$ cat data_18.pdb   # PDB, C-alpha atoms
ATOM      1  CA  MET A   1     -17.070   5.173  -4.502  1.00  0.00           C
ATOM      2  CA  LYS A   2     -14.407   4.386  -1.922  1.00  0.00           C
ATOM      3  CA  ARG A   3     -12.477   1.330  -3.069  1.00  0.00           C
ATOM      4  CA  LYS A   4     -10.838  -0.619  -0.237  1.00  0.00           C
ATOM      5  CA  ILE A   5      -7.065  -0.866  -0.693  1.00  0.00           C
ATOM      6  CA  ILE A   6      -4.138  -1.696   1.593  1.00  0.00           C
ATOM      7  CA  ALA A   7      -0.527  -0.875   0.773  1.00  0.00           C
ATOM      8  CA  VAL A   8       2.747  -1.696   2.492  1.00  0.00           C
ATOM      9  CA  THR A   9       5.760   0.601   2.330  1.00  0.00           C
ATOM     10  CA  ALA A  10       9.118  -0.603   3.635  1.00  0.00           C
ATOM     11  CA  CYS A  11      12.733   0.396   3.110  1.00  0.00           C
ATOM     12  CA  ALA A  12      15.864   0.003   5.237  1.00  0.00           C
ATOM     13  CA  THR A  13      18.527   2.432   4.078  1.00  0.00           C
ATOM     14  CA  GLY A  14      16.554   5.236   2.491  1.00  0.00           C
ATOM     15  CA  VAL A  15      13.434   5.686   4.594  1.00  0.00           C
ATOM     16  CA  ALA A  16      12.844   8.976   2.774  1.00  0.00           C
ATOM     17  CA  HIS A  17      11.352   6.744   0.087  1.00  0.00           C
ATOM     18  CA  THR A  18       9.096   4.950   2.565  1.00  0.00           C
ATOM     19  CA  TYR A  19       7.651   8.085   4.152  1.00  0.00           C
ATOM     20  CA  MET A  20       7.338  10.115   0.950  1.00  0.00           C
ATOM     21  CA  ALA A  21       5.610   7.231  -0.819  1.00  0.00           C
ATOM     22  CA  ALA A  22       3.225   6.667   2.085  1.00  0.00           C
ATOM     23  CA  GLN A  23       2.387  10.384   2.067  1.00  0.00           C
ATOM     24  CA  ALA A  24       1.933  10.858  -1.683  1.00  0.00           C
ATOM     25  CA  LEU A  25       0.053   7.574  -2.028  1.00  0.00           C
ATOM     26  CA  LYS A  26      -2.228   8.545   0.862  1.00  0.00           C
ATOM     27  CA  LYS A  27      -2.884  11.989  -0.619  1.00  0.00           C
ATOM     28  CA  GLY A  28      -3.682  10.553  -4.032  1.00  0.00           C
ATOM     29  CA  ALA A  29      -5.981   7.848  -2.678  1.00  0.00           C
ATOM     30  CA  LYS A  30      -7.845  10.413  -0.595  1.00  0.00           C
ATOM     31  CA  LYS A  31      -8.052  12.788  -3.566  1.00  0.00           C
ATOM     32  CA  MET A  32      -9.589  10.029  -5.668  1.00  0.00           C
ATOM     33  CA  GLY A  33     -12.013   9.354  -2.833  1.00  0.00           C
ATOM     34  CA  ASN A  34     -11.064   5.881  -1.628  1.00  0.00           C
ATOM     35  CA  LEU A  35     -10.136   4.084   1.590  1.00  0.00           C
ATOM     36  CA  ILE A  36      -6.512   3.045   1.815  1.00  0.00           C
ATOM     37  CA  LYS A  37      -4.458   1.468   4.588  1.00  0.00           C
ATOM     38  CA  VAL A  38      -0.791   2.345   4.188  1.00  0.00           C
ATOM     39  CA  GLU A  39       1.567   0.306   6.340  1.00  0.00           C
ATOM     40  CA  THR A  40       4.957   1.829   7.057  1.00  0.00           C
ATOM     41  CA  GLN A  41       7.905  -0.339   8.058  1.00  0.00           C
ATOM     42  CA  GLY A  42      11.015   1.456   9.204  1.00  0.00           C
ATOM     43  CA  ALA A  43      12.988  -1.589   8.073  1.00  0.00           C
ATOM     44  CA  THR A  44      11.948  -3.718  11.042  1.00  0.00           C
ATOM     45  CA  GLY A  45       9.836  -1.279  13.033  1.00  0.00           C
ATOM     46  CA  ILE A  46       6.265  -1.292  11.793  1.00  0.00           C
ATOM     47  CA  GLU A  47       4.672   2.096  12.467  1.00  0.00           C
ATOM     48  CA  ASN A  48       1.215   1.252  11.144  1.00  0.00           C
ATOM     49  CA  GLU A  49       0.494  -2.419  11.700  1.00  0.00           C
ATOM     50  CA  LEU A  50      -2.437  -3.529   9.575  1.00  0.00           C
ATOM     51  CA  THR A  51      -4.274  -6.311  11.371  1.00  0.00           C
ATOM     52  CA  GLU A  52      -6.332  -9.122   9.839  1.00  0.00           C
ATOM     53  CA  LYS A  53      -9.329  -6.816  10.134  1.00  0.00           C
ATOM     54  CA  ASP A  54      -7.758  -4.044   8.046  1.00  0.00           C
ATOM     55  CA  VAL A  55      -6.246  -6.487   5.593  1.00  0.00           C
ATOM     56  CA  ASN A  56      -9.619  -8.144   5.012  1.00  0.00           C
ATOM     57  CA  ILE A  57     -11.146  -4.706   4.484  1.00  0.00           C
ATOM     58  CA  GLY A  58      -8.797  -3.758   1.666  1.00  0.00           C
ATOM     59  CA  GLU A  59      -9.061  -5.954  -1.408  1.00  0.00           C
ATOM     60  CA  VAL A  60      -5.941  -4.888  -3.299  1.00  0.00           C
ATOM     61  CA  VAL A  61      -2.560  -5.032  -1.604  1.00  0.00           C
ATOM     62  CA  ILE A  62      -0.028  -2.600  -3.015  1.00  0.00           C
ATOM     63  CA  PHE A  63       3.591  -3.399  -2.256  1.00  0.00           C
ATOM     64  CA  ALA A  64       6.047  -0.553  -2.564  1.00  0.00           C
ATOM     65  CA  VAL A  65       9.119  -1.831  -0.771  1.00  0.00           C
ATOM     66  CA  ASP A  66      12.886  -2.141  -0.973  1.00  0.00           C
ATOM     67  CA  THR A  67      12.997  -4.609   1.890  1.00  0.00           C
ATOM     68  CA  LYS A  68      10.913  -7.423   3.385  1.00  0.00           C
ATOM     69  CA  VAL A  69       7.495  -7.117   5.013  1.00  0.00           C
ATOM     70  CA  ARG A  70       6.514  -8.728   8.323  1.00  0.00           C
ATOM     71  CA  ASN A  71       2.726  -8.510   8.074  1.00  0.00           C
ATOM     72  CA  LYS A  72       2.956  -9.776   4.477  1.00  0.00           C
ATOM     73  CA  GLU A  73       1.712 -13.117   5.853  1.00  0.00           C
ATOM     74  CA  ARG A  74      -1.859 -11.786   5.943  1.00  0.00           C
ATOM     75  CA  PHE A  75      -1.534  -9.958   2.615  1.00  0.00           C
ATOM     76  CA  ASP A  76      -0.203 -13.086   0.892  1.00  0.00           C
ATOM     77  CA  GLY A  77      -2.990 -14.910  -0.906  1.00  0.00           C
ATOM     78  CA  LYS A  78      -4.775 -11.673  -1.680  1.00  0.00           C
ATOM     79  CA  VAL A  79      -4.640  -9.648  -4.890  1.00  0.00           C
ATOM     80  CA  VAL A  80      -1.527  -7.483  -4.871  1.00  0.00           C
ATOM     81  CA  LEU A  81       0.183  -4.782  -6.909  1.00  0.00           C
ATOM     82  CA  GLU A  82       3.968  -4.889  -6.543  1.00  0.00           C
ATOM     83  CA  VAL A  83       5.955  -1.768  -7.479  1.00  0.00           C
ATOM     84  CA  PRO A  84       9.204   0.024  -6.481  1.00  0.00           C
ATOM     85  CA  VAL A  85       8.943   2.221  -3.377  1.00  0.00           C
ATOM     86  CA  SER A  86       9.924   5.191  -5.551  1.00  0.00           C
ATOM     87  CA  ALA A  87       6.890   4.630  -7.807  1.00  0.00           C
ATOM     88  CA  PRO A  88       4.040   5.952  -5.521  1.00  0.00           C
ATOM     89  CA  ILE A  89       6.087   9.121  -5.096  1.00  0.00           C
ATOM     90  CA  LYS A  90       6.027  10.190  -8.740  1.00  0.00           C
ATOM     91  CA  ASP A  91       3.075   8.143 -10.005  1.00  0.00           C
ATOM     92  CA  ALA A  92       0.847   7.639  -6.949  1.00  0.00           C
ATOM     93  CA  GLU A  93      -2.391   8.028  -8.933  1.00  0.00           C
ATOM     94  CA  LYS A  94      -0.971   5.642 -11.521  1.00  0.00           C
ATOM     95  CA  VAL A  95      -0.193   3.034  -8.863  1.00  0.00           C
ATOM     96  CA  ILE A  96      -3.778   3.351  -7.627  1.00  0.00           C
ATOM     97  CA  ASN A  97      -4.985   2.755 -11.185  1.00  0.00           C
ATOM     98  CA  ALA A  98      -2.670  -0.261 -11.345  1.00  0.00           C
ATOM     99  CA  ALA A  99      -4.320  -1.652  -8.212  1.00  0.00           C
ATOM    100  CA  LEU A 100      -7.668  -1.217  -9.932  1.00  0.00           C
ATOM    101  CA  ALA A 101      -6.231  -3.021 -12.955  1.00  0.00           C
ATOM    102  CA  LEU A 102      -5.703  -6.128 -10.817  1.00  0.00           C
ATOM    103  CA  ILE A 103      -9.366  -6.320  -9.798  1.00  0.00           C
ATOM    104  CA  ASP A 104     -11.163  -4.525 -12.635  1.00  0.00           C
ATOM    105  CA  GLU A 105      -8.666  -3.092 -15.131  1.00  0.00           C
ATOM    106  CA  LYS A 106      -9.669  -0.073 -17.167  1.00  0.00           C
TER     107      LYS A 106
END
$ encode --input "data_18.pdb" --output "structure tokens"
Amino acid sequence: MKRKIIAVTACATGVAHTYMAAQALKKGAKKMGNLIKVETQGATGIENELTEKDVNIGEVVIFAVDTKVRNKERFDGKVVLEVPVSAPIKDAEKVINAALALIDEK
């Protein structure tokens, strides 16, 4: 029922994107009934650092960023879904479906 997904959100100038995306994405994932780990980088400052543990829990890695990711090292090599940071704001549920499309696709 609860699919394991991790997602990184990061933007430098325009953090309103980062936070709003992380909120909407979180709401949608919870509404669908899944387990998501949303990492929030305030450009350089990571406010929710996903460790190897968390990263190995989530299978799909959603990347909604305008800037670079620091923890990306652990996410790299895993199955990811790369989208604009603005995307999970308007189409959060759609982004979640996209993540599912990388592992299952329907």
$ closest_residue --input "data_18.pdb" --among "A:8, A:92, A:103, A:22" --to "residue 55 in chain A" --atoms "only C-alpha atoms"
A:8
$ closest_residue --input "data_18.pdb" --among "A:32, A:64, A:50, A:98" --to "residue 86 in chain A" --atoms "only C-alpha atoms"
A:64
$ atom_distance --input "data_18.pdb" --atom1 "CA of residue 65 in chain A" --atom2 "CA of residue 52 in chain A"
20.1 Å
$ closest_residue --input "data_18.pdb" --among "A:91, A:56, A:13, A:34" --to "residue 76 in chain A" --atoms "all atoms listed in the file"
A:56
$ closest_residue --input "data_18.pdb" --among "A:80, A:11, A:6, A:1" --to "residue 42 in chain A" --atoms "only C-alpha atoms"
A:11
$ atom_distance --input "data_18.pdb" --atom1 "CA of residue 105 in chain A" --atom2 "CA of residue 25 in chain A"
19.0 Å
$ closest_residue --input "data_18.pdb" --among "A:66, A:82, A:59, A:54" --to "residue 10 in chain A" --atoms "all atoms listed in the file"
A:66
$ closest_residue --input "data_18.pdb" --among "A:68, A:37, A:78, A:90" --to "residue 4 in chain A" --atoms "only C-alpha atoms"
A:37
$ decode --input "data_18.pdb" --residues "chain A" --atoms "C-alpha atoms" --output "PDB file, in the first residue's frame"
ATOM      1  CA  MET A   1       0.000   0.000   0.000  1.00  0.00           C
ATOM      2  CA  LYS A   2       2.658   2.481   1.070  1.00  0.00           C
ATOM      3  CA  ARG A   3       5.238   2.758  -1.696  1.00  0.00           C
ATOM      4  CA  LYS A   4       8.674   3.883  -0.501  1.00  0.00           C
ATOM      5  CA  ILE A   5       9.792   7.085  -2.234  1.00  0.00           C
ATOM      6  CA  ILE A   6      12.427   9.737  -1.522  1.00  0.00           C
ATOM      7  CA  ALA A   7      12.439  13.176  -3.121  1.00  0.00           C
ATOM      8  CA  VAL A   8      14.904  16.050  -3.014  1.00  0.00           C
ATOM      9  CA  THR A   9      13.817  19.672  -3.296  1.00  0.00           C
ATOM     10  CA  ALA A  10      16.433  22.395  -3.718  1.00  0.00           C
ATOM     11  CA  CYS A  11      16.435  25.960  -4.996  1.00  0.00           C
ATOM     12  CA  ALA A  12      18.693  28.949  -4.328  1.00  0.00           C
ATOM     13  CA  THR A  13      16.925  32.149  -5.312  1.00  0.00           C
ATOM     14  CA  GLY A  14      13.261  31.283  -5.000  1.00  0.00           C
ATOM     15  CA  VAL A  15      12.941  29.019  -1.978  1.00  0.00           C
ATOM     16  CA  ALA A  16       9.176  29.554  -2.142  1.00  0.00           C
ATOM     17  CA  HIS A  17       9.328  26.854  -4.811  1.00  0.00           C
ATOM     18  CA  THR A  18      11.307  24.497  -2.580  1.00  0.00           C
ATOM     19  CA  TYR A  19       9.013  24.760   0.436  1.00  0.00           C
ATOM     20  CA  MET A  20       5.732  24.796  -1.487  1.00  0.00           C
ATOM     21  CA  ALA A  21       6.784  21.765  -3.522  1.00  0.00           C
ATOM     22  CA  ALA A  22       7.902  19.871  -0.423  1.00  0.00           C
ATOM     23  CA  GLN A  23       4.554  20.656   1.216  1.00  0.00           C
ATOM     24  CA  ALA A  24       2.267  19.832  -1.714  1.00  0.00           C
ATOM     25  CA  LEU A  25       4.274  16.733  -2.611  1.00  0.00           C
ATOM     26  CA  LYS A  26       4.140  15.564   1.011  1.00  0.00           C
ATOM     27  CA  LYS A  27       0.387  16.160   1.219  1.00  0.00           C
ATOM     28  CA  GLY A  28      -0.257  14.293  -2.013  1.00  0.00           C
ATOM     29  CA  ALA A  29       1.940  11.336  -1.083  1.00  0.00           C
ATOM     30  CA  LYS A  30       0.227  11.069   2.292  1.00  0.00           C
ATOM     31  CA  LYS A  31      -3.201  11.379   0.662  1.00  0.00           C
ATOM     32  CA  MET A  32      -2.351   8.518  -1.680  1.00  0.00           C
ATOM     33  CA  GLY A  33      -1.185   6.532   1.331  1.00  0.00           C
ATOM     34  CA  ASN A  34       2.551   6.142   0.776  1.00  0.00           C
ATOM     35  CA  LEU A  35       5.829   6.756   2.598  1.00  0.00           C
ATOM     36  CA  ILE A  36       7.881   9.608   1.212  1.00  0.00           C
ATOM     37  CA  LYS A  37      11.104  11.249   2.356  1.00  0.00           C
ATOM     38  CA  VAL A  38      11.283  14.830   1.124  1.00  0.00           C
ATOM     39  CA  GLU A  39      14.690  16.451   1.459  1.00  0.00           C
ATOM     40  CA  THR A  40      14.772  20.234   1.528  1.00  0.00           C
ATOM     41  CA  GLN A  41      17.923  22.142   0.619  1.00  0.00           C
ATOM     42  CA  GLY A  42      17.897  25.856   1.254  1.00  0.00           C
ATOM     43  CA  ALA A  43      20.487  26.179  -1.508  1.00  0.00           C
ATOM     44  CA  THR A  44      23.338  24.852   0.623  1.00  0.00           C
ATOM     45  CA  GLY A  45      21.613  24.296   3.953  1.00  0.00           C
ATOM     46  CA  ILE A  46      19.977  20.890   4.050  1.00  0.00           C
ATOM     47  CA  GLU A  47      17.000  20.975   6.417  1.00  0.00           C
ATOM     48  CA  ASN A  48      16.050  17.313   6.096  1.00  0.00           C
ATOM     49  CA  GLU A  49      19.148  15.240   5.455  1.00  0.00           C
ATOM     50  CA  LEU A  50      18.200  11.808   4.166  1.00  0.00           C
ATOM     51  CA  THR A  51      20.806   9.305   5.299  1.00  0.00           C
ATOM     52  CA  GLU A  52      21.811   6.049   3.607  1.00  0.00           C
ATOM     53  CA  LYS A  53      19.137   4.367   5.707  1.00  0.00           C
ATOM     54  CA  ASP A  54      16.323   6.579   4.403  1.00  0.00           C
ATOM     55  CA  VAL A  55      17.656   6.521   0.870  1.00  0.00           C
ATOM     56  CA  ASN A  56      17.754   2.720   0.863  1.00  0.00           C
ATOM     57  CA  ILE A  57      14.193   2.688   2.183  1.00  0.00           C
ATOM     58  CA  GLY A  58      12.786   4.723  -0.687  1.00  0.00           C
ATOM     59  CA  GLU A  59      13.092   3.074  -4.082  1.00  0.00           C
ATOM     60  CA  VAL A  60      12.250   6.000  -6.358  1.00  0.00           C
ATOM     61  CA  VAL A  61      14.174   9.247  -6.056  1.00  0.00           C
ATOM     62  CA  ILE A  62      12.246  12.289  -7.214  1.00  0.00           C
ATOM     63  CA  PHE A  63      14.346  15.324  -8.045  1.00  0.00           C
ATOM     64  CA  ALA A  64      12.569  18.651  -8.068  1.00  0.00           C
ATOM     65  CA  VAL A  65      15.389  21.166  -7.999  1.00  0.00           C
ATOM     66  CA  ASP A  66      16.677  24.379  -9.532  1.00  0.00           C
ATOM     67  CA  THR A  67      20.104  23.925  -7.998  1.00  0.00           C
ATOM     68  CA  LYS A  68      22.521  21.140  -7.057  1.00  0.00           C
ATOM     69  CA  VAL A  69      22.009  18.471  -4.402  1.00  0.00           C
ATOM     70  CA  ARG A  70      24.607  17.468  -1.802  1.00  0.00           C
ATOM     71  CA  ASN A  71      23.179  14.125  -0.688  1.00  0.00           C
ATOM     72  CA  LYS A  72      22.614  13.218  -4.356  1.00  0.00           C
ATOM     73  CA  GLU A  73      25.666  10.948  -3.990  1.00  0.00           C
ATOM     74  CA  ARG A  74      23.535   8.315  -2.240  1.00  0.00           C
ATOM     75  CA  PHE A  75      20.553   8.818  -4.558  1.00  0.00           C
ATOM     76  CA  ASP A  76      22.744   8.433  -7.653  1.00  0.00           C
ATOM     77  CA  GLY A  77      22.586   4.889  -8.971  1.00  0.00           C
ATOM     78  CA  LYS A  78      18.998   4.503  -7.853  1.00  0.00           C
ATOM     79  CA  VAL A  79      15.851   4.936  -9.933  1.00  0.00           C
ATOM     80  CA  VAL A  80      14.989   8.623 -10.141  1.00  0.00           C
ATOM     81  CA  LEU A  81      12.299  10.939 -11.473  1.00  0.00           C
ATOM     82  CA  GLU A  82      13.689  14.344 -12.444  1.00  0.00           C
ATOM     83  CA  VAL A  83      11.249  17.261 -12.755  1.00  0.00           C
ATOM     84  CA  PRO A  84      11.196  21.076 -12.296  1.00  0.00           C
ATOM     85  CA  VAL A  85      10.747  22.259  -8.700  1.00  0.00           C
ATOM     86  CA  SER A  86       7.551  24.010  -9.810  1.00  0.00           C
ATOM     87  CA  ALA A  87       6.054  20.692 -10.975  1.00  0.00           C
ATOM     88  CA  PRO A  88       5.176  19.060  -7.560  1.00  0.00           C
ATOM     89  CA  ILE A  89       3.351  22.275  -6.692  1.00  0.00           C
ATOM     90  CA  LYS A  90       0.737  22.067  -9.439  1.00  0.00           C
ATOM     91  CA  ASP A  91       0.965  18.369 -10.322  1.00  0.00           C
ATOM     92  CA  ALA A  92       2.151  16.665  -7.121  1.00  0.00           C
ATOM     93  CA  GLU A  93      -0.069  13.602  -7.631  1.00  0.00           C
ATOM     94  CA  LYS A  94       1.126  13.463 -11.231  1.00  0.00           C
ATOM     95  CA  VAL A  95       4.773  13.516 -10.147  1.00  0.00           C
ATOM     96  CA  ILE A  96       4.018  10.639  -7.773  1.00  0.00           C
ATOM     97  CA  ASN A  97       2.486   8.729 -10.685  1.00  0.00           C
ATOM     98  CA  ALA A  98       5.610   9.528 -12.706  1.00  0.00           C
ATOM     99  CA  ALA A  99       7.741   7.988  -9.958  1.00  0.00           C
ATOM    100  CA  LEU A 100       5.574   4.888 -10.185  1.00  0.00           C
ATOM    101  CA  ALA A 101       6.086   4.933 -13.953  1.00  0.00           C
ATOM    102  CA  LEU A 102       9.830   4.470 -13.422  1.00  0.00           C
ATOM    103  CA  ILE A 103       9.373   1.277 -11.401  1.00  0.00           C
ATOM    104  CA  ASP A 104       6.015  -0.054 -12.605  1.00  0.00           C
ATOM    105  CA  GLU A 105       4.399   2.367 -15.065  1.00  0.00           C
ATOM    106  CA  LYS A 106       0.635   2.385 -15.381  1.00  0.00           C
TER     107      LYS A 106
END
